[PDB]
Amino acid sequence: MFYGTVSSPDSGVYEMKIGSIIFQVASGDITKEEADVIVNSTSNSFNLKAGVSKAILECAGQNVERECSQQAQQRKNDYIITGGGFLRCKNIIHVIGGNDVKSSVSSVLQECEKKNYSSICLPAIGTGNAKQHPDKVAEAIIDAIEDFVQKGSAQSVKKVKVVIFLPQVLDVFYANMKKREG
């Protein structure tokens, strides 16, 4: 009803259509990517500096770190939106790695529509310090995008890319795409 065909547009990159959205996966360093939004997978205090969160906060810079701690003390947040700092993006959305991954991705998609953004890049949310299982994380990410498409909510959002630290986790995402393809 929604899924296109899995193919490889460049070496190590795999893509398929989900409704109107191009969904892509690749292994690499997320801090070198360009997108309207980059997603950080962090702790409930928004000040973790381990694994992918270390790279994102170090590259983004101290003003973004400052933004995070200030919003954390203002209220209880399920996620926080900051500037991009020295990353190549318009905003960073910082989600909690231990939270429900489908819910976190659904929130990212809705916030990107609110800003009329077209591109998103995210890590394998929850597979770092939170130690959620890669198979469940892949299923949750793709389920969130399917639901967003099914509800007719995709308007500005055109491209969602997962850039993944470990090649072994990329294999799990590829297998999930092949399970779903038309």
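One rule holds for the numbers: they count along the sequence shown, beginning at 1.
According to the PDB record, 71-79 carries the higher mean C-alpha B-factor of the two stretches 71-79 and 84-92.
For the segment pair 11-19 and 156-164, the entry gives 11-19 the higher mean B-factor, averaged over Cα atoms. Across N40, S119, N116, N129, the entry's maximum B-factor at the CA atom is seen for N129. Within the group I125, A26, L48, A140, the record's highest C-alpha temperature factor is found at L48.
In the deposited entry, the Cα temperature factor of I30 places it in the middle third of its chain's modelled residues. Among all modelled residues in its chain, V149 ranks in the highest third by Cα B-factor.
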